[PDB]
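Each chain gets a letter, A, B and so on, in the order the sequences are listed, and its residues count up from 1.
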Amino acid sequence: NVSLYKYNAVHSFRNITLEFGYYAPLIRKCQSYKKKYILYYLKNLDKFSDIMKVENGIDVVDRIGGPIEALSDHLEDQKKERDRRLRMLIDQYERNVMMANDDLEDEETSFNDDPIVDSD
Amino acid sequence: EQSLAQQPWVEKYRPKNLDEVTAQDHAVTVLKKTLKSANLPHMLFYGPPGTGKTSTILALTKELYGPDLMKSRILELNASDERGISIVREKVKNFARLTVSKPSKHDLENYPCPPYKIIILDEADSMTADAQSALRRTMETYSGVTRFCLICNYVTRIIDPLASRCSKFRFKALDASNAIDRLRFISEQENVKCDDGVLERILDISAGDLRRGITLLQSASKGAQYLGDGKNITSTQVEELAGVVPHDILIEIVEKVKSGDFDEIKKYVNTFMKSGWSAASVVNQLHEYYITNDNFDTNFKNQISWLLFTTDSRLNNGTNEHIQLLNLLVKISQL
Amino acid sequence: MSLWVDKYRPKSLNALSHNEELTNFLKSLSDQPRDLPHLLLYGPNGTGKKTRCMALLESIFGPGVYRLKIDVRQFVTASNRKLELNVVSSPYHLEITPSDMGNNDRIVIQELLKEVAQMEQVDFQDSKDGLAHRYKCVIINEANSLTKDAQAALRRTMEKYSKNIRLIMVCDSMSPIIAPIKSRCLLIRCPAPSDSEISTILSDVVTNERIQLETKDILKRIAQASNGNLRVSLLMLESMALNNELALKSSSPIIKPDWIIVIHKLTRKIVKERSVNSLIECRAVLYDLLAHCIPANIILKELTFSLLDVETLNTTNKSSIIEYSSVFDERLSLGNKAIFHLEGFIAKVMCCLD
Amino acid sequence: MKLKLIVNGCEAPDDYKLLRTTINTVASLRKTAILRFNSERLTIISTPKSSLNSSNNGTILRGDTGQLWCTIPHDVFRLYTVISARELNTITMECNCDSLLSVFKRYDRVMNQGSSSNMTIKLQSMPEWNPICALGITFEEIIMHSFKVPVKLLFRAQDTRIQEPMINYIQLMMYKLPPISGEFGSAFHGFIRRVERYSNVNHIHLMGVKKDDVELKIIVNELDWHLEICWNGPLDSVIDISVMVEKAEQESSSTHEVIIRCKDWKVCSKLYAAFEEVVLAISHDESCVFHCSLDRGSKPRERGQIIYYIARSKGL
Amino acid sequence: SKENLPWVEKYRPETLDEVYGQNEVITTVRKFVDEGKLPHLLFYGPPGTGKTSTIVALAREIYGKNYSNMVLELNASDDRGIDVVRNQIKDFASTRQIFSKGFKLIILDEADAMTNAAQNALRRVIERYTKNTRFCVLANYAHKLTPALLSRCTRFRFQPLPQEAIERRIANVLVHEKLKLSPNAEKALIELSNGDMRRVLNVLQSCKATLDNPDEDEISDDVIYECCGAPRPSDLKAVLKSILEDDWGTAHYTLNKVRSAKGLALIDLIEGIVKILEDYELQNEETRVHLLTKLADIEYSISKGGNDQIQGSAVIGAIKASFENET
Ligand SMILES: Nc1ncnc2c1ncn2[C@@H]1O[C@H](COP(=O)(O)OP(=O)(O)OP(O)(O)=S)[C@@H](O)[C@H]1O
Ligand SMILES: Nc1ncnc2c1ncn2[C@@H]1O[C@H](COP(=O)(O)OP(=O)(O)OP(O)(O)=S)[C@@H](O)[C@H]1O
Ligand SMILES: Nc1nc2c(ncn2[C@@H]2O[C@H](COP(=O)(O)OP(=O)(O)O)[C@@H](O)[C@H]2O)c(=O)[nH]1
Ligand SMILES: [Mg+2]
Ligand SMILES: [Mg+2]
């Protein structure tokens, strides 16, 4: 749900069990750590503009199912948390459509050449 | 012309009448003369994929009744429909007991209109044993107004009482000997220019399935049209499209097997599975190469035939291709 | 931002950079899509089959095929067991994974797909006179994982309503596909990219991301560690770049899936010790792996080939190992609980080694 | 972009009722509606080809192909200030139907209370947020109630792609429905809504046969028994991969039939109840058009029109 | 009306005299009805041996032409759950005859498809109302019948139809039709029937169809094989001889040619070869073990599809390897 509603990416459950479930949380954890370090440096003081786009409460930075420790109503609460985060994702995505759409390329300069006028 | 070009070639060239069905005359003759005898029995069509069973039954139904009457005289059910025991006991029985609809004057003038309906149970082998048992006395009792047609690929999946009730029609495999005329006609209709023997190669590759052959011909024609060079289609292009392993790769595999080194065979198989070849095709090609070779003895051929049969049976169970292929090659290298 | 697996994903046939012959074949298919047959794409996982299907759809329809949204469809079983399925949709096509329904996948074929096949798609013509008709495109992910009943239900739906629907199924292996379904499809083999092409793609990504690379050899190593899985290659490239301050070096470790490392450790343990207690600990490891929803057959493959990679083992040991692997793979295919067969394989290997 | 409009319900209540029905229909049909303000009339569109509507993929998922078009002459509004540098001073926008419906419901409540104020509608540039603007709507309540609605302006290229469907008039059979206010109005209203008594019916087969000189029938064949509902009262007749749909051969030169969805029929019933002059046009095995016309004169004035196009749900 | 019927139904026996092959059972049941001491009956046998026909004919004889008014017939096509047994069967068995016409008859055709609970409920219904009602249970699979039900019924076994009865019925059908059957065709039909009359009648109808002019054309063995698409004995003999004497290449070519000549299927060839080998005199018994096991495995594999060429080569190799033991 997070991937679909934040990156327009659809992935299979099989690939999540095999590849994404381990790699994606690691990448997001590293990015979150880098963002925290950069923020701390700025407070104490564009190239990596894709790193500080990770949200603390919406992104997943933990291995799905926990670590594989082999050789080195919890379910209801997890479902409730999933529903809450899905609602937040839907709220975030709802305003995107009305905000703007890619549509096609037009004469935007001409549109700006006739600005709205409001006066009584 | 665009509307006529909206259909894949298999659906476009599906037989319209019984005359268009090819290579199945042994049953088509009986079905055709049923039009005059009006003595249609319960039927059990059985045979391998793409041999013309569904097409034959559809053509028969069209010929018997016509476009209008058919809608009131035909009940078709297949694997896409729910066919539980309750369905057999209620819906099928109710249709079988339904009074025979009155044909119009036009229908009587133009079509024989036999005084019975038809229930078609396509993919009958998917039905359960109990559901099949529920059909026995329904078919026997209402045979005066209803006739059943069961269709399947695996006849053993039909319970013995139903097989006894139905007159059996085996549909033969369509190969280069009996189905070449239809494929040549289709190629001529679509103006496909192919080298001599190309249709033979397609039919041999298809291995009894004319639907696969027609799809292959369409794919080759599309490739040639996109190329737009005006040249004839070649057998090499057909083999590439069909997924046949090139002869040089098979020769390399055979040399590796002859060498006998386990590590080398494992490495080569690991690299070979990269290309995504289907293990079934590779096994078939290996069988053809080894069984027909005159450089091996009788005991070798017996052992390899049993090994190939075991591997093919395991593959049929949806097993894991890399493991089965490596095991087969290791076993052969040990012969 | 988005993961590099999706960020630099090609969005058109002309953007494909490996397996040129496959691209040419797909373009030939897109020349006259009016009579496009049903398609079945098969090849190694993570090679770009879904990407190629989306590129083909874009060629037929346009970029709008990438404007995807998700809907939830509810199904009720004969036992009143309500459940749901995710359906992805673009204004021109649909995407479904019925295998996520387990044994209930057939219901999805019998209710949803059939309905989609039955509803003929027509629209008012903008300039011409009368309605215009267009067939719908449906993608079936993980086709090889469908039960035989669902595959049987697909047959007459594909045949009868060919005017309204065209199926594009994708699988990693055609062994589980019943013969009729293969007969009803145009089969397209999708080879995995070579190490050179994987390295080229990774180098393009590195240049785009402005990551300092000591030598190109690293990329090659990454390719050799992915076993041709481009998605895995990109994931490990991103992980390594992030873990090394966006500076890769020949000494930088290659990051592999954790379960793969666990299976390697299990193989080492099996080789070192062969006893009942060792078997019980192997059971514990196998159950830990299964708890993460790793498929049993995948575990069997990875364990088998990891064992075959051991240098100390002799020819007889490896031959017996592969024999047992084939037997227990068949048993898993025909079985109900995978633990029995995995344990049997490990016990047989322990017996043959000892 | 000045779009100054004044709406009063105490003068010419027919125009206010027409506008209310138009907004209700577009709200009940699709989530978003297109508004085209020309120098002569206002056109309200509910179509699946709009940028916002097409985001739902309705056509491929549920076959939402019907199109609603409504025309409102500028005389409806007391003040009509629409100035633009486009063709015929045309301004195109897309708006959400729920907010407009709520605002108009509040206005109706205020009017029913006893107020006789006027609604002023203007276009404004909200600093809070194809630039998105706001529709400033304000009115007095015997208290100056003001509400704003988001709106998205459209370009000429985007505007021109939304074209009203047309039909082959020569190959089209039209029937003049009895006026709802007439003695037969209740009978025809019940006849239209009869099929609603069958919950499990999804598609209805409309048929029209020559020989008051024609007759209309609704056929249902989804039940265990064949059902036909016939009207015996008076009824007068007015005298890429895309391919053309297949049309079944007509049974006779004087019979026209089409299969449509029940929801479209309910929409048609509501439209028929709303207006007085209603025409039902059938293009055999092609489509059904519901045309509601409102006539007003002074030098006859412009005729208010609501045209609902419904594509066939199944082939014949 | 009867002319339009399929032959399997058009030639259904009407009286007990028309039932052939089951002489002992027919004799006993006829004497029972003559003395009017009919007990509860079980008819056990394989498909198409005359069970349903026999029971219907017996009902006709007992009640004449009005048997439909005092006979309650139920089969697998009808729901026969415990509720049905408790209500419908119970009420029928516990009510008087229409005109005091002795006892009533309840026929439970294909009773092996009934649930265990219904069969258990049937026990006391059968026992208590024996004075007024008699039960008949027909089955092909006895293991589906509970021991209590089996104990309550007098058991009669319908054997596979002997050759003589099939010949007599074939002669009757040939006379009824305007058909001519050759002795070789009759032998082939009897061989392929396997004791089932339904197969005989269906194949005869198809053969009549195959004839261009049935009024004068005679059915030969070739017509029978064409209609059934079955191998000829000469084909089986040639294939077996090539397998047992010729080299691998020659055997493969012979099998391919024989199959391609008439589009023969491998399963029928295997079945015919098994029939041939069952009579072979083998000095080594291990050969029989190998033959049986390998051929059964091949048959099971064929039942699921697979590769036809590989299966044929497997048959060849299995026979060769098995017969290497006799060496
Ligand atoms: N005997 C045939 N004659 C002509 N065309 C055939 C024949 N058999 C198959 N085809 C072609 O292949 C297509 C499929 O034929 P089908 O009748 O559906 O085969 P089938 O035996 O019903 O396949 P299965 O058992 O459902 S996998 C037809 O539309 C034809 O174009
Ligand atoms: N003994 C028989 N004598 C003459 N015809 C027979 C005989 N048995 C079977 N038939 C013929 O085959 C048809 C079927 O006979 P049935 O009595 O229904 O066989 P059945 O034993 O009841 O089959 P099952 O067990 O229900 S599959 C009859 O209409 C007859 O034409
Ligand atoms: N630059 C480039 N990337 C590709 C190409 N083909 C696939 N990819 C990328 O590599 C990944 C392949 O994974 P995927 O599309 O899911 O393949 P599948 O699992 O076999 O269907 C994707 O992230 C693609 O973006 C290609 O031809 N060129
Ligand atoms: Mg078929
Ligand atoms: Mg019987």
Taking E11(B) first and then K163(C), would you say they form a salt bridge - that is, a charged N and a carboxylate O separated by under 4.0 Å?
no
Do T54(B) and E159(C) pass the side chain to side chain donor-acceptor pair (under 3.5 Å) test, and can you show the C-alpha distance, the side-chain angles, and the key distance before you say yes or no?
CA-CA 10 Å; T54(B) 293; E159(C) 275 189 307; 5.0 Å; no
CG of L300(C) to OG1 of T319(B): how many Å apart, nearest 0.5 Å?
11.0 Å
Determine the option with the most heavy-atom pairs under 4.5 angstrom with chain B, choosing from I177(C), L308(C), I109(C).
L308(C)
Distance-only polar pair, side chains of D209(B) and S183(C), donor-acceptor under 3.5 Å
yes
Part of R106(C) within contact of chain B (heavy atom distance under 4.5 Å)
neither
Less than 4.0 angstrom from a charged side-chain N to a carboxylate O is my criterion; do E123(B) and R156(C) meet it?
no
What is the distance from atom CG of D81(B) to atom CD of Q110(C), rounded to the nearest 0.5 Å?
7.5 Å
Do you know which two heavy atoms are closest between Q7(B) and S162(C), and how far apart they sit?
OE1-OG, 2.9 Å
What are the two closest non-hydrogen atoms of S319(C) and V330(B), and how far apart are they?
OG-CG1, 3.5 Å
Under 4.5 Å, counting heavy-atom pairs only, tell me which of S206(B), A79(B), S313(B) racks up the most with chain C.
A79(B)
Test log, rule side chain to side chain contact (heavy atoms under 4.5 Å, CB included), inputs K331(B) and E323(C):
CA-CA 9 Å; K331(B) 293 299 217 64; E323(C) 175 98 81; 2.8 Å; yes
Against chain B, label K182(C) side chain, backbone, both or neither, depending on which of its atoms sit under 4.5 Å from a heavy atom there.
neither
Report the distance from atom CD of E330(C) to atom CG of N316(B), rounding to the nearest 0.5 Å.
10.0 Å
Heavy atoms only, distances under 4.5 angstrom: which of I322(C), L36(C), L334(C) has the most pairs with chain B? Name it, please.
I322(C)
Looking only at the side chains, is there a donor atom on one of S326(C) and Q324(B) sitting less than 3.5 Å from an acceptor on the other?
yes
Rounded to the nearest 0.5 Å, what's the gap from OG1 on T215(B) to NE2 on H38(C)? Could you check?
9.0 Å
When you check the gap from the basic side-chain N to the acidic O, do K222(B) and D35(C) get nearer than 4.0 Å?
yes
From CZ (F25(C)) to CD (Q237(B)), nearest 0.5 Å
11.5 Å
Rounded to the nearest 0.5 Å, how far does OG of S175(C) lie from CZ of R314(B)?
13.5 Å
Would you say the side chain of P191(C) lies within less than 4.5 Å of the side chain of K274(B), judging by non-hydrogen atoms?
no
Pick one of side chain, backbone, both or neither for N270(B), based on which atoms fall under 4.5 Å of a heavy atom in chain C.
side chain
Looking at every non-hydrogen atom in both residues, tell me the closest pair between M174(C) and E321(B) and how far apart they are.
N-OE2, 3.4 Å
Would you sort out whether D309(C) and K266(B) count as a side chain to side chain contact (heavy atoms under 4.5 Å, CB included), showing the intermediate values?
CA-CA 10 Å; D309(C) 265 41; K266(B) 194 192 49 145; 2.9 Å; yes
